[PDB]
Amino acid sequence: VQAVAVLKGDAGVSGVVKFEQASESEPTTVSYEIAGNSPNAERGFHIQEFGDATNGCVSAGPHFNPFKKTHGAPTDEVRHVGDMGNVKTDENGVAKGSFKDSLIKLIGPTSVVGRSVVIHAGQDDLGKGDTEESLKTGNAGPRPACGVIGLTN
């Protein structure tokens, strides 16, 4: 199964995020290419609960969290399903890479198809900040771009 989300916004940030999962038990491979970010920085990269784009990136809701856990790093055992951590941007402000994740799925009851992907304006503190907000959003700041994860071939 394949899916793709085209990140758009009014802040100069844009990109494409591709997802791939052969079967439900398998990890999903997330590939991304995002431009227009601050150069040489880490930026919060998360999957939101809804794919509602009626009010910009705001209507996408909070991080996809079906198991009701606190915000964390992708490698943390306690993290939201949509917690993809930070993506690094180069001297030209482009973030490009890929990784596999075993909580994010394109198949089954927790499928992220129809939900949104958000690239943040700030860095994700990975749930390590001494704040309640750290456990909710990782304090990653505004959402300059987002896109609904749609089906593809």
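All residue numbers refer to positions in the sequence shown, first residue = 1.
Higher average CA B factor: 131-139, of the stretches 131-139 and 15-23. Between 111-119 and 38-46, the higher mean Cα B-factor belongs to 38-46. Among the modelled residues of its chain, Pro74 has a C-alpha B-factor that falls in the highest third, as given in the PDB entry. Sort the chain's modelled residues by C-alpha temperature factor and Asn92 lands in the highest third, per the entry.
Among all modelled residues in this chain, the alpha-carbon of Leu151 has a temperature factor (C-alpha) in the middle third. Per the PDB record, residue ranking by Cα B-factor puts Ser102 in the highest third of the chain. Among all modelled residues in this chain, the alpha-carbon of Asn65 has a temperature factor (C-alpha) in the lowest third.
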